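Labels run A, B, C, D, E, F and G following the written order; every chain starts at residue 1.
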Amino acid sequence: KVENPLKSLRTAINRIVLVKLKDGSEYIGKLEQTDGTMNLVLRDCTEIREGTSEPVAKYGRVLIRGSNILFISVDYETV
Amino acid sequence: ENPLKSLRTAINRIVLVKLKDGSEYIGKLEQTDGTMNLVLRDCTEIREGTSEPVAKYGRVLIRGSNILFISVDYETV
Amino acid sequence: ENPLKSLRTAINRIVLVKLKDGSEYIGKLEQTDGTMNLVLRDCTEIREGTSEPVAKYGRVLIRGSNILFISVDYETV
Amino acid sequence: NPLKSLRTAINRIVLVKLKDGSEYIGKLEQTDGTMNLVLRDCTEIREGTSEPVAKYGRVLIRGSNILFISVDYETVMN
Amino acid sequence: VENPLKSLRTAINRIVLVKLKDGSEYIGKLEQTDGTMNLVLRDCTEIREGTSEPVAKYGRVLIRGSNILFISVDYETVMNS
Amino acid sequence: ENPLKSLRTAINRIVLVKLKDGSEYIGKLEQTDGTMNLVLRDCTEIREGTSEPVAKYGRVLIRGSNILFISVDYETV
Amino acid sequence: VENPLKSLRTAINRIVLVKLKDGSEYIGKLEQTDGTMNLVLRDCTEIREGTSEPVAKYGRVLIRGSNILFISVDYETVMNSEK
């Protein structure tokens, strides 16, 4: 079957991803929805700071605007 | 399962709207457009943690173009 | 529903406009537009947080793409 | 509608504020749907005053960078 | 009357001034423009507060119209004062 | 003759991506498309001149509209 | 005489300067171009303000036309002041 960047976004549904917006902020959540424009819907969204033991704020269920995203960590693994 | 009807399901509830400014706002969502244009009843700007209320704007119309994200169920307390 | 119809209901009233640079402007709304191009009267710039006019501009055509939000029902005084 | 309010001020002085917050005045000649303007005798005046900074002559201002345009400057004369 | 792009198109073979989004100004001799306000200038040099300096020569440059604040189409008349 | 068809010659290779943040990231390019969206494996953030990584993000989807330039083969050897 | 984007294609194999919106300048030898001003460069070297002194080597880069301020076509001869 096919493989394209945007399909790989659609395959990350129901798993834990990191989204980095353009302001430099990073939010971890359980990916639930996507679209072509990269509009995300996440569950248990938590802002984090790199370094640090992850969370610094919780936002619950969040609709993210694809226009403002820099990248998406498709399968975020803490090791 | 569209990312947008999740938004329009959140109408009549209290939402958090963050903008590129890092500016966060909280208010009862009334109306919603496909380009994520927003109207909020009782929209008070809140700093992050802080104190919360910073400025009370009443009913605001928010351009969708300038939004980072929207916490659709921001009765997260 | 439709968020921009909420803009045609503020005409001939005072509104507050937050622009992208963060500067705020009060004035009386006259005409509107699809691109949220606004025309205000007695428009005075006020500084972030306060109600103090630091500059008055009179009748002002505002470009819509540079607007953060519009406080539609700025009675709240 | 707004963009015909703009044409009211043809051959009259308007004030234009760009995204970087720099303000410019000059006599409006020509406009279009994206608010691309043409001004004569363009100057930088400094905010609050009408004391020039830089003269620029006839200028074409790209519309997307415009914060606002005060079409009825020159009545701020009063 | 009117069509802002036209005043740009009659400015060919003239000395113009371009203020870009980075906030810097340049002068040069205009040579090619299009509908997207893309500019081709000769003898381009960065520009200042008053008269006009030669801070940095960039020669023959193509200027992407999407990042231009404005263009002064008769700048020679200006620095002829 | 096409700038983008030089990008797809870099798949499975290590490239450097500088976002508009100025922030730069190295990683094995896996997937691309016409919008210059990229998928990197072992995406790590770097500071030019230094050896230590700023952050590890693993397999990353990079949105194409926020990229400055792609070093479509970082031969640092 | 002709059309801006096309004058960019007469600059293939030349040393050109590219300034991005952030303000950083890069020097390299132009390979491939398209309508949206997307570029491919060899010898891509970031140079410091106005000078011709290298600060970072990037080799072959695909540059996004969206983020360009300008392109100094044939930049080679424009190295009078130094080298």
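Here, a contact is a pair of C-beta atoms (placed from the backbone, for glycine too) under 8 Å apart; a residue touches a chain by one contact, two chains touch by 3 or more.
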Would you mind pulling out the distance in Å between where the CA atoms of chain F average out and where those of chain G do?
20
Cα centroid separation between chain C and chain G, in whole Å?
42
Once you find the CA centre of chain C and the CA centre of chain E, what distance in Å lies between them?
34
Touch graph of the chains shown: is it line, ring, star, complete or other?
ring
Following the ring of touching chains out of chain D and into chain E yields D, E, G, F, A, B, C
Which of the residues in chain E come into contact with chain G in the complex?
20-22, 32-34, 38-40, 44, 46, 55-64, 66-67
Hey, which residues of chain C end up touching chain B in the complex?
1-4, 6-7, 16, 20, 22, 36, 49, 64-65, 67-76
